[PDB]
Each structure stands twice: as structure tokens, then as C-alpha cells.
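Chemist: Would you mind keeping the following structure in view while I ask a few things?
FYI the Cβ positions are ideal-geometry reconstructions off the backbone, even for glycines, and counts take in every protein chain you see. Please treat every number below as a calculation from the coordinates, not as lab data.
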Amino acid sequence: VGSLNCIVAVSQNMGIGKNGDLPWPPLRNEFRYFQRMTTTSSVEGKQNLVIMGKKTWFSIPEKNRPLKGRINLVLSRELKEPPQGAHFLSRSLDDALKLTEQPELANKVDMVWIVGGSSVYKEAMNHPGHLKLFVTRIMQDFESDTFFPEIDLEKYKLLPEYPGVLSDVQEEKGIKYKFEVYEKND
Ligand SMILES: NC(=O)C1=CN([C@@H]2O[C@H](COP(=O)(O)OP(=O)(O)OC[C@H]3O[C@@H](n4cnc5c(N)ncnc54)[C@H](OP(=O)(O)O)[C@@H]3O)[C@@H](O)[C@H]2O)C=CC1
Ligand SMILES: Cc1sc2nc(N)[nH]c(=O)c2c1Sc1ccc(C(=O)N[C@@H](CCC(=O)O)C(=O)O)cc1
């Protein structure tokens with residue numbers, strides 16, 4: 001198994017969701033960035049693993065589930081088995097990450113990407129060791145009912161460059177946004 005990473009898009013007021021979807025209208029190139037980051041694996045013969053809560057799973061359009069080219073894992077303590085289309089089910093983040101070490105996955109998984117929601121982002125952000133956050137800053141306020149936890153900048157350093165991530169301001173549908181990469185090690 002390789003690196004541990006979170007990825008999120010967040011408004012200025014720290015919103016990530018409203019009513020089971022995103023706070024903003026569809027930003028097609030932003031979605032494509034999510035796809036490219038989470039799918040792209042530098043290691044031959046491996047895929048990346050995506051870890052998500054149950055509501056996040058059901059917020060992805062059924063036509064796009066499972067996220068293609070990635071191993072899809074859902075966190076739930078109420079489900080008895082993975083939802084239709086998903087590959088794995090875990091009862092805790094610690095369990096999911098230990099599973100990547102088991103014989104069924106140990107040599108299949110390159111990067112791990114945590115794709116939300118709010119509880120798993122908060123727990124991940126405080127997981128030991130080396131972790132990166134790929135954050136899209138949506139530069140407007142949007143009504144939301146689900147929020148991103150606080151990024152502790154004493155530990156998470158905003159990187160001044162990263163290969164493959166555009167540095168300039170993007171704009172779709174009249175909404176400006178920018179890509180950021182943070183890293184901690186503790
Ligand atoms: N802007 C963006 O980047 C993102 C936006 N979103 C949005 O956020 C909303 C969904 O997020 P949110 O409401 O936070 O919900 P989650 O996706 O976190 O789903 C919560 C459910 O997942 C299970 N769960 C969560 N964490 C764990 C855990 N560590 N171990 C075991 N089970 C866990 C629980 O299910 P159970 O009760 O079955 O145990 C819990 O009720 C939607 O609006 C979605 O569109 C989501 C991700 C990213
Ligand atoms: C669950 C997360 S993490 C995240 N991080 C960033 N930067 N942007 C987001 O919008 C999301 C979301 S919400 C989301 C909902 C649907 C999809 C989706 O349907 N993705 C498909 C299709 C992508 C595409 O149509 O461009 C894919 O990754 O293959 C992706 C993310």
C-alpha cells in the first residue's frame with residue numbers, strides 16, 4: 001500500500017454538501033480533476049482505493065458507481081454487506097486501512113483516497129503519519145448542511161507547487177475556484 005490522501009471541494013464557508021448533493025451546480029472540469037487524481041496510479045498493476053461514508057456513496061449518481069478504475073470501499077456499521085456495486089464494507093476507518101494490508105489487497109492497492117464525508121475527513125486528518133489533503137477552494141459562499149472539518153495549518157503545510165495540479169484560478173459556470181495541496185507528517 002502507498003500513500004494516504006483526502007480529497008474534497010469546499011466553499012468559503014466550509015460547505016461540502018446540501019440535501020445529499022453538492023452546494024454548487026455541477027463543475028464538470030472540477031469533477032474531472034477528482035476523477036483524474038483518485039484514479040491515477042504510478043505503480044504498475046495496481047489501482048487506488050477510495051474510502052467513503054455511506055451517505056457519500058449514495059450521493060454519487062448510480063450510473064457512476066462504483067467509481068470506475070478504483071476499488072470502492074464503504075464505511076457503515078448498520079449495513080450487513082457492501083451496497084450493490086461497491087467492493088468492500090468496513091466498520092471503522094482503522095479497519096478499512098488494516099484491510100489494505102490483508103492478502104486480498106496488499107499487492108493490489110497503490111494510493112488510498114478518503115473522499116468523505118465530514119466524520120471520516122476529521123478522523124483521517126488526525127491519523128498519524130504522513131497524509132496529504134487535495135482541497136479545491138470554491139471561492140464563494142454556498143448554503144450548505146454538511147461542512148469540512150478545521151484544517152490545522154500548524155501541521156498541514158500548503159505546498160508551493162505540486163506536479164499535475166494547476167496553480168491558477170479556474171472558473172466554470174461563473175464560479176471561480178483553485179486547487180491546493182497540503183501535507184503533514186506526525
Ligand atoms: N464537496 C465534497 O468534496 C464532498 C461532498 N460530500 C457531500 O457530503 C454529504 C455526505 O456526507 P456526510 O453527510 O458527512 O456523510 P458520510 O458520507 O460520512 O456518511 C455518514 C454515514 O456513513 C457511516 N460512517 C461514517 N463514518 C464512518 C466510520 N468511520 N465508520 C463506520 N461508518 C461510518 C455511517 O453509516 P451507518 O449509520 O450505517 O453506520 C454514517 O451515518 C453529501 O451532501 C455529499 O454530496 C461528500 C464528500 C465530499
Ligand atoms: C465525494 C467527493 S470528494 C470530491 N473532491 C472534489 N475535489 N470534488 C468533488 O466534487 C468531490 C466529491 S462529490 C463527487 C460526486 C460525484 C462524482 C463522480 O460522479 N465521479 C465520477 C465521474 C467524474 C466525471 O464525470 O468527471 C468519477 O470519478 O469517475 C465525483 C465526486
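Chemist: Could you calculate the FRET efficiency of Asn107 with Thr39 from 1/(1 + (r/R0)^6), where r is the beta carbon distance between them and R0 is 25 Å, rounded to 0.05? Let's see the in-between values first.
Modeler: Values: r = 19 Å, r/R0 = 0.75.
Computed FRET efficiency for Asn107 and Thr39: 0.85.
Chemist: Hey, another quick one. Suppose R0 equals 25 Å; then what is the FRET efficiency for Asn19 and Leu166 from their Cβ-Cβ distance, rounded to the nearest 0.05?
Modeler: Once rounded, the FRET efficiency stands at 0.25.
Chemist: Can you sort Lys184, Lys98, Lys68 so the residue with the fewest Cβ neighbours within 10 Å comes first? Kindly include the intermediate steps, with their values, before the conclusion.
Modeler: Numbers: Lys184 20, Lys98 12, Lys68 9.
Neighbour counts put them in this order, fewest first: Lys68, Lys98, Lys184.
Chemist: Still on this model: If the convex hull of the alpha-carbon atoms of region 1-110 is projected onto planes in all directions, what is the mean projected area in square nanometres? Provide the component values of the computation, followed by the final result.
Modeler: On the way: hull surface 31.1 nm².
That works out to 7.8 nm², a quarter of the Cα hull's surface.
Chemist: Can you tell me, using C-alpha contacts under 8 Å and at least 6 residues apart, the relative contact order of the chain as a whole percent?
Modeler: Normalised by residue count, the contact order of the chain is 33 percent.
Chemist: Still on this model: As I understand it, the value is the acute angle between the Cα axis of helix 28-39 and the longest principal axis of the Cα atoms of the chain; what does it come to in degrees, rounded to 10?
Modeler: Tilt relative to the chain: about 30 degrees.
Chemist: Excluding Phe179 itself, what net charge comes from residues whose Cβ is under 10 Å from its Cβ, given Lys and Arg +1 and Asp and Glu -1? Please list the in-between numbers first.
Modeler: Numbers: positive: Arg137, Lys178; negative: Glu30, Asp168, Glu180.
Summing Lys and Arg as +1 and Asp and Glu as -1 gives -1.
Chemist: State the extension gain, in nm to one decimal, for the chain segment bounded by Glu154 and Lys173, taking 0.36 nm per residue of separation less the distance between their alpha-carbons. Write out the running numbers ahead of the final one.
Modeler: Values: separation 19, 0.36 × 19 = 6.84 nm, distance 3.41 nm.
Extending this stretch completely gives an extra 3.4 nm.
Chemist: When a footprinting reagent is the concern and you count Cβ atoms within 10 Å, what order do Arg36, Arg65 take, fewest first? Please list the in-between numbers first.
Modeler: On the way: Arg36 11, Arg65 16.
Ranked by crowding around the Cβ, least crowded first: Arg36, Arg65.
Chemist: Within 10 Å of each residue's Cβ, count the other Cβ atoms and sort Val135, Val1, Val74 from fewest upward. All intermediate terms of the calculation are to be shown ahead of the outcome.
Modeler: Working: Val135 20, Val1 17, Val74 24.
Lowest count first: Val1, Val135, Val74.
Chemist: With each run of n ≥ 4 DSSP H residues scored as -39500 (n - 2.57), what mean residue ellipticity at 222 nm is computed for the chain after dividing by its residue count and rounding to the nearest 500 deg cm²/dmol?
Modeler: Using -39500 (n - 2.57) per qualifying helix, the result is -5000 deg cm²/dmol.
Chemist: Rounded to the nearest Å, what's the spacing between the alpha carbon centres of region 9-48 and region 50-84? Just the number, please.
Modeler: 14 Å
Chemist: Once a ≥ b ≥ c are taken as the square roots of the eigenvalues of the Cα gyration tensor of region 9-60, is the result rounded (a/c under 1.5), prolate (a/b larger than b/c) or oblate (a/b not larger than b/c)? Spell out each step's value before the answer.
Modeler: Values: a/c = 2.62, a/b = 1.74, b/c = 1.51.
The shape class here is prolate.
Chemist: Over 25 Å between Cα atoms: which of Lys18/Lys108; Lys55/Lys155; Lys68/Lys155; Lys80/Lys184; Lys18/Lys173; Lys18/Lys176 fall into that group?
Modeler: Cα-Cα > 25 Å for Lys18/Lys108; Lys55/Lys155; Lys68/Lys155; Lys80/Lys184; rest within.
Chemist: What order do you get for 120-128, 170-178 when each peptide is scored by the mean count of other beta carbon atoms within 10 Å, highest first? Intermediate results must be reported in sequence, preceding the final value.
Modeler: On the way: 120-128: 16.3, 170-178: 14.0.
By packing density, highest mean first, the sequence is 120-128, 170-178.
Chemist: Which FRET efficiency, nearest 0.05, do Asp186 and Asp94 yield, Cβ-Cβ r, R0 22 Å? The partial results should precede the final answer.
Modeler: Values: r = 17 Å, r/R0 = 0.79.
The value I calculate is 0.80.
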